[PDB]
C-alpha cells in the first residue's frame, strides 16, 4: 500500500484548490511551494499532524526528493524569497504509475 506521505503529497500537488500554495512546476518535472509560510500554517495541518515546513521537508528528503536550488544570478531579490522547488525522478505530472518506485530511505 502506498505510503501516506506520498499519497498525500500527490494529492496536495495535483489538487487545483491548493495551487496557490503547492502545485506542479511548469513542465511537470518537479513541484513548487509558492507561499511557504501560508502553506505550512494553512495547508500542512489539514493533511499531516503538524504545521512545520521543516517536518515536511524532512519527509521529502526521507523519500529521496531533492531541492532544486535557485541561485541569485543577478540582482539580490530580498523582497521575494526564491518559491521552493523539489524534484524526484519518479514524482512526475501525469505519471502516477511511477510513484510505486519511490522508496523511504530506511
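Residue numbers count along the first chain shown, from 1.
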Quiz item: Is residue 28 without coordinates in at least a third of the other compared PDB entries of this protein that model the residues flanking it?
Solution: no
Q | residue 76 dropped in a third or more of the other entries | A | yes
Averaging the C-alpha temperature factors as deposited, the higher value of 27-35 versus 70-78 falls on 70-78
Higher of the two mean Cα B-factors (38-46, 51-59; per PDB record) comes from 38-46
Of the three thirds of Cα B-factor ranks in this chain, residue 85 occupies the lowest
